[PDB]
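A.B. asks: Next up is a structure, given as structure tokens.
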Amino acid sequence: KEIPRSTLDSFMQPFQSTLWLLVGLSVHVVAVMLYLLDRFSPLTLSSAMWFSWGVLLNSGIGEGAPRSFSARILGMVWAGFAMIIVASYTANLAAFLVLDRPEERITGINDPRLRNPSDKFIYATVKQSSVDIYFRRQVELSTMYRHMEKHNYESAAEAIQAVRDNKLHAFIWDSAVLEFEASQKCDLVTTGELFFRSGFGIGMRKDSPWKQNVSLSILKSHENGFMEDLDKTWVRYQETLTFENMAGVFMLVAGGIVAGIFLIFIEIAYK
Amino acid sequence: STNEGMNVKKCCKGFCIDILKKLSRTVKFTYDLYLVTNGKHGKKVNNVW
Amino acid sequence: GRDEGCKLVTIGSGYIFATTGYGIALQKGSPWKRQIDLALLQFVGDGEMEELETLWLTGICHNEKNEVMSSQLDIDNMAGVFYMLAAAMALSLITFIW
Amino acid sequence: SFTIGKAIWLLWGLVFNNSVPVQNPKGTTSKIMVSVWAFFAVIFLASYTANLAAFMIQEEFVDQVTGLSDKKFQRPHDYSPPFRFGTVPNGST
Amino acid sequence: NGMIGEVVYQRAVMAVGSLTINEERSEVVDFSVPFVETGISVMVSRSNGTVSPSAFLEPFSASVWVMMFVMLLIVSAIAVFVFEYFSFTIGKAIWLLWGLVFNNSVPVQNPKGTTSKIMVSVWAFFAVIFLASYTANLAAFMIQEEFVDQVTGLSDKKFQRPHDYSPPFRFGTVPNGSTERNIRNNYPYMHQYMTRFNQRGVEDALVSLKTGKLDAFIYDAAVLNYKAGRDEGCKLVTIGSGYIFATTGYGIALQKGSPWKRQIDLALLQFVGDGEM
Ligand SMILES: *[C@@H]1O[C@H](CO)[C@@H](O)[C@H](O)[C@H]1NC(C)=O
Ligand SMILES: *[C@@H]1O[C@H](CO)[C@@H](O)[C@H](O)[C@H]1NC(C)=O
Ligand SMILES: *[C@@H]1O[C@H](CO)[C@@H](O)[C@H](O)[C@H]1NC(C)=O
């Protein structure tokens with residue numbers, strides 16, 4: 001479950017191409033009709049364009065006001081227009097990057113897409129494991145047995161490298177070992193549902209003098225925090241940024257800076 | 001062109017299979033399961049089902 | 001429920017439809033009608049049918065998920081704001097003629 | 001010296017505060033009322049953005065056809081895309 | 001005493017109920033295989049608290065501020081280029097450009113040569129989308145919610161002394177219980193500061209936690225998990241999942257040499273080995 005979200009934030013160009021052209025044609029038509037209303041009064045064109053960009057822009061600029069006996073009504077309508085645009089855009093970008101979280105996982109053994117498998121959800125286990133015996137005993141797990149028996153691997157690290165190369169889609173395994181691999185490799189996350197809570201002990205022979213005192217020594221290791229110290233050595237020991245999003249924004253900003261400097265060279269060459 | 005064929009033995013699982021098996025657990029009847037070769041579910045084609 | 005991506009969704013929960021069921025057809029005159037009917041009611045009467053429904057019905061794609069389907073765009077909102085803008089053009093014409 | 005009828009344009013341009021250069025209010029009471037109005041506009045803006053976010057969160061879903069007796073089920077020429085639907089052959093449906 | 005006294009003096013065969021595993025019981029009787037993963041845990045007051053907005057490094061990360069300063073220098077240089085054509089925006093260009101981020105500065109003189117207007121437009125659109133991303137980061141801050149534990153575990157520095165920290169607190173266990181022997185074999189001072197802070201009933205201890213008559217309490221893990229799974233008020237999300245704790249199981253005590261032991265172990269592994277457990 002490691003796929004990056006909001007790589008470009010969908011600002012104008014990954015978004016559909018209406019809003020830049022729509023707002024540009026809107027402010028163009030508004031500036032033209034307000035300049036024609038300023039002609040029919042009941043750097044004037046530059047003043048009207050600067051007033052249009054400043055009301056659309058909302059930052060603060062030292063501009064004047066033309067003869068607006070009826071144009072101030074259209075200006076205040078344009079002002080409410082500009083703020084409802086920027087408020088709607090900020091609100092739906094924020095609310096889209098809040099709810100950008102699907103359910104990419106399986107949520108335990110109770111998955112009917114794993115009960116009724118396909119060629120997509122490739123789940124397997126280690127060849128000749130006790131997980132295979134545990135799934136071979138139970139009466140309704142033979143379908144997952146038939147699915148896993150096509151792609152069982154010899155060792156678990158083979159499955160680690162395979163799902164690292166995305167050759168596998170799921171892998172049934174013991175909990176704390178996969179938690180250790182999550183601590184090692186941060187691109188590996190387990191699922192939440194814990195099933196078949198089992199125990200790991202020491203493989204022993206038959207009736208032997210090491211049958212009792214070894215269990216007593218394990219109990220001696222559990223009564224103190226030596227197991228907690230071993231957990232500290234291995235179990236506990238783990239291993240909108242605006243740099244993928246606003247990097248191209250800054251690049252287009254710098255390109256606009258250079259193009260604006262050249263246009264001001266043209267403007268001073270004319271005026 | 002001919003109507004000769006074979007009776008292939010095939011496996012059957014699903015919901016209604018579980019219904020049939022539990023009815024065989026309760027009513028205690030032996031199923032004689034086979035598939036339809038006449039076609040689909042059923043339609044009275046010129047007073048013939 | 002097995003729709004990969006939860007795309008294909010039925011219209012509600014079957015409201016304006018035939019609303020029928022599934023049964024077991026028998027020949028007209030079979031003596032096995034009443035015992036099989038009582039066995040089906042027994043399977044309803046203990047939740048064993050509900051166990052089989054839990055086993056054999058996928059339920060991942062729930063009703064009306066609030067997922068990524070919001071594509072960061074509405075069309076009707078600025079359309080209505082443009083209707084208000086056309087009303088503003090009309091009021092500008094009224095203030096311009098007098 | 002001109003904020004008699006122009007105060008309405010001042011006020012509903014400073015409802016949104018969209019960089020509208022109006023005047024320098026030398027009256028202290030006018031500045032206090034502009035400050036109260038600006039605080040009111042800020043909390044109204046916060047409430048409106050919260051309303052838009054909650055309306056995205058309260059996400060309903062309309063449908064194209066909500067009935068077997070639909071007027072769309074009379075003729076697909078009634079709307080500009082002719083939609084299409086069939087059934088299984090020789091079926092009970 | 002109790003079930004151990006009944007089994008050792010052989011007035012019973014076995015004990016079925018919830019029973020801890022320690023050294024003295026394995027001395028006097030024989031446990032079966034464990035069937036459930038049941039350690040110990042600590043239930044504390046654990047009130048609401050806040051979401052703790054201490055510091056945020058997601059939008060700028062102390063390095064977009066470099067881009068802010070660079071474009072301030074660029075705008076100041078082109079303001080000098082505008083002053084070449086034509087008026088105090090040499091050193092004041094920084095305050096002009098970064099005061100209009102938060103759109104409430106004093107209106108400074110701006111030239112009619114449109115150059116400063118174009119770069120204020122570009123910087124201002126960048127500031128608008130930056131404030132949009134800032135409000136979006138504050139909105140997505142609501143998605144995570146977790147009040148942290150005041151006590152990390154059993155090795156807490158609070159557990160050394162409640163006077164060591166500014167609030168004094170309190171913690172107890174059961175009287176004449178196995179947890180007493182579990183703690184006193186490892187931490188006697190824990191018992192010495194716990195002895196004044198005893199209690200009678202487990203539900204009574206829960207009421208003392210709810211009514212403020214008790215701060216902390218130490219008991220078994222799954223029992224407190226069940227109490228959280230039946231809690232009225234739902235103010236109890238326990239300390240972790242048994243990380244720094246005893247981490248034992250529950251077993252069945254038999255006589256030392258009972259013939260039932262192997263059969264009971266095989267029966268428990270059958271009961272786990274089919275999902276019936
Ligand atoms: C096991 O431990 C006991 C003491 O508890 C000791 O006497 C014995 O030698 C050990 N091993 C055997 C041979 O049982
Ligand atoms: C459906 O019924 C027709 C009736 O003639 C038959 O010819 C055809 O084979 C059936 N199969 C299909 C196409 O569903
Ligand atoms: C424990 O048992 C003793 C038995 O005499 C009893 O008197 C005492 O009240 C109990 N409480 C303690 C100290 O745990």
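Convention: chains lettered A, B, ... in structure tokens order; per-chain residue numbering from 1; ligands numbered from 1 as shown.
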Excluding same-chain residues fewer than 5 positions from residue 43 (chain E), what lies within 6 Å of it counting only C-alpha atoms, as a count of residues only?

C.D. replies: 3

A.B. asks: Compute the set of protein, DNA and RNA residues whose minimum atom distance to ligand 2 is at most 8 Å, using only C-alpha atoms and all ligand atoms, and state it as a list in words.

C.D. replies: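 Selection of residues at most 8 Å from ligand 2: residues 39, 40 and 45 of chain B; 88, 89, 90 and 91 of chain D.
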
A.B. asks: Can you write out the residues you just picked, keeping C-alpha atoms, as an mmCIF file, in the first residue's frame?

C.D. replies:
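Listing of part-v2.cif after writing:
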data_model
loop_
_atom_site.group_PDB
_atom_site.id
_atom_site.type_symbol
_atom_site.label_atom_id
_atom_site.label_comp_id
_atom_site.auth_asym_id
_atom_site.auth_seq_id
_atom_site.Cartn_x
_atom_site.Cartn_y
_atom_site.Cartn_z
ATOM 1 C CA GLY B 39 -30.007 -24.895 -23.441
ATOM 2 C CA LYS B 40 -30.973 -22.025 -21.152
ATOM 3 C CA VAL B 45 -41.253 -22.359 -27.736
ATOM 4 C CA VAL D 88 -30.202 -11.897 -21.883
ATOM 5 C CA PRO D 89 -31.690 -13.834 -24.827
ATOM 6 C CA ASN D 90 -34.568 -16.288 -24.268
ATOM 7 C CA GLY D 91 -34.771 -15.211 -20.621
#

A.B. asks: Could you list, as an NGL selection string, all the residues within 12 Å of ligand 3, counting only C-alpha atoms and all ligand atoms?

C.D. replies: :E and (1-2 or 172-181 or 191 or 194-200)

A.B. asks: Compute the set of protein, DNA and RNA residues whose minimum atom distance to ligand 1 is at most 10 Å, using only C-alpha atoms and all ligand atoms, and state it as number ranges by chain.

C.D. replies: A: 208-214, 216-217; E: 27

A.B. asks: Report as a PyMOL selection string all protein, DNA and RNA residues lying within 12 Å of residue 10 (chain B), evaluated on only C-alpha atoms, omitting residues in the same chain fewer than 4 positions from it.

C.D. replies: chain B and resi 33-35

A.B. asks: List the spatial neighbours of residue 15 (chain E) as a count of residues only - criterion: any atom at most 9 Å away, only C-alpha atoms, same-chain residues fewer than 2 positions off excluded.

C.D. replies: 12

A.B. asks: Residues within 10 Å of residue 66 (chain D), please, as a ChimeraX atom specification. Count only C-alpha atoms; anything in the same chain fewer than 6 positions from it doesn't count.

C.D. replies: /C:11-12,15-16

A.B. asks: Please tabulate, as CSV, the residues of chain E that come within 10 Å of chain D, each with its closest pair of atoms and the distance in Å to one decimal, counting only C-alpha atoms and ordering rows by chain, then residue number upward.

C.D. replies:
residue,atom,partner,partner_atom,distance
E:103,CA,D:19,CA,8.5
E:104,CA,D:19,CA,9.5
E:107,CA,D:21,CA,9.3
E:139,CA,D:53,CA,9.1

A.B. asks: Residues of chain D within 12 Å of chain C: nearest atom pair and distance (Å, one decimal) for each, counting only C-alpha atoms, sorted by chain and number, as a Markdown table?

C.D. replies:
| residue | atom | partner | partner_atom | distance |
| --- | --- | --- | --- | --- |
| D:52 | CA | C:77 | CA | 12.0 |
| D:55 | CA | C:70 | CA | 11.7 |
| D:56 | CA | C:70 | CA | 8.3 |
| D:57 | CA | C:66 | CA | 7.8 |
| D:58 | CA | C:66 | CA | 8.5 |
| D:59 | CA | C:66 | CA | 6.2 |
| D:60 | CA | C:64 | CA | 7.6 |
| D:61 | CA | C:64 | CA | 7.2 |
| D:62 | CA | C:11 | CA | 10.2 |
| D:63 | CA | C:11 | CA | 7.6 |
| D:64 | CA | C:11 | CA | 9.3 |
| D:65 | CA | C:11 | CA | 7.9 |
| D:66 | CA | C:11 | CA | 7.0 |
| D:67 | CA | C:16 | CA | 6.1 |
| D:68 | CA | C:16 | CA | 6.5 |
| D:69 | CA | C:16 | CA | 8.5 |
| D:70 | CA | C:16 | CA | 10.7 |
| D:92 | CA | C:18 | CA | 11.7 |
| D:93 | CA | C:18 | CA | 9.8 |

A.B. asks: Excluding region 170-175 of chain A and its own-chain neighbours fewer than 3 positions away, which residues fall within 7 Å of it when counting only C-alpha atoms? Please give them as JSON, numbers by chain.

C.D. replies: {"A": [121, 122, 123, 124, 125, 178, 179]}

A.B. asks: Just N, CA and C atoms for this one: save the residues we selected as a compact mmCIF listing (two decimals), in the first residue's frame.

C.D. replies:
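The result, stored in selection.txt:
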# COMPACT_ATOMS: atom_id res chain seq x y z
N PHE A 121 -5.02 -11.07 -7.67
CA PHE A 121 -4.57 -11.18 -6.29
C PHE A 121 -3.70 -12.42 -6.11
N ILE A 122 -2.40 -12.27 -6.35
CA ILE A 122 -1.46 -13.37 -6.27
C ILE A 122 -1.00 -13.47 -4.82
N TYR A 123 -1.58 -14.41 -4.08
CA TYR A 123 -1.17 -14.72 -2.72
C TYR A 123 -0.57 -16.12 -2.67
N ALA A 124 0.49 -16.27 -1.89
CA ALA A 124 1.19 -17.54 -1.78
C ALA A 124 1.84 -17.62 -0.41
N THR A 125 2.58 -18.71 -0.19
CA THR A 125 3.31 -18.90 1.06
C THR A 125 4.59 -19.67 0.75
N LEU A 178 7.05 -10.00 9.78
CA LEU A 178 6.68 -8.98 8.80
C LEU A 178 6.70 -7.59 9.40
N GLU A 179 6.49 -7.47 10.72
CA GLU A 179 6.67 -6.18 11.38
C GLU A 179 8.13 -5.77 11.39

A.B. asks: Identify, on the basis of only C-alpha atoms, every residue whose closest approach to residue 31 (chain B) does not exceed 10 Å; exclude the query and any residue fewer than 4 positions from it along the same chain; express the result as an NGL selection string.

C.D. replies: :B and (20-21 or 23-24)

A.B. asks: Determine which residues of chain A sit within 8 Å of chain E, taking into account only C-alpha atoms, and present them as number ranges by chain.

C.D. replies: A: 57-62, 90-91, 93-95, 97-98, 134, 137-138, 196-197, 216, 219-220, 222-224, 228, 240-242, 253, 256-257, 260-261, 264
